[PDB]
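K.L.:
The structure under discussion is supplied below as structure tokens; questions concerning it will follow.
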Amino acid sequence: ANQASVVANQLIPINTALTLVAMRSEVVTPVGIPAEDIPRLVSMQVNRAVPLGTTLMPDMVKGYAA
């Protein structure tokens, strides 16, 4: 229901570290990474470019296990 996910607040380039300016929370479908894990995601790198407004999915973040 209102399970919110991490959404790209700006484009995140391939192989670049996640910052707090880059991740917002939003109720989207399909469900991606829980918004509650944003602190945890800071400094982890994405393995692909993530366009503005894309939901961060588990497979996009290098080293993410939940």
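Numbers here mean position along the shown chain, with the first residue as 1.
For this deposited structure, the header notes the method as X-ray crystallography, 2.1 Å.
In case you wondered, yes, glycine gets a Cβ from its N, Cα and C as well.
Straight from Swiss-Prot, here's the annotation block:
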{"type": "SITE", "residues": "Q10", "note": "site 'Important for ice-binding'"}
{"type": "SITE", "residues": "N15", "note": "site 'Important for ice-binding'"}
{"type": "SITE", "residues": "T19", "note": "site 'Important for ice-binding'"}
{"type": "SITE", "residues": "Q45", "note": "site 'Important for ice-binding'"}
K.L.:
Hey, does DSSP put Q10 (site 'Important for ice-binding') in a helix, a strand, or just coil?
P.N.:
coil
K.L.:
Could you round the CA separation between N15 (site 'Important for ice-binding') and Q45 (site 'Important for ice-binding') to a whole angstrom and send it over?
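P.N.:
The Cα atom of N15 (site 'Important for ice-binding') is 5 Å away from the Cα atom of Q45 (site 'Important for ice-binding').
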K.L.:
According to DSSP, which of helix, strand or coil covers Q45 (site 'Important for ice-binding')?
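P.N.:
The residue in question, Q45 (site 'Important for ice-binding'), is strand (DSSP, three-state).
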K.L.:
Measuring Cα to Cα, how many angstrom lie between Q10 (site 'Important for ice-binding') and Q45 (site 'Important for ice-binding')?
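P.N.:
Cα-Cα, rounded: 15 Å.
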K.L.:
State the three-class DSSP label for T19 (site 'Important for ice-binding'), counting H, G and I as helix, E and B as strand, and everything else as coil.
P.N.:
coil
K.L.:
Could you tell me the C-alpha distance between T19 (site 'Important for ice-binding') and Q45 (site 'Important for ice-binding') in angstrom, no decimals?
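P.N.:
Computed Cα spacing between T19 (site 'Important for ice-binding') and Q45 (site 'Important for ice-binding') is 10 Å.
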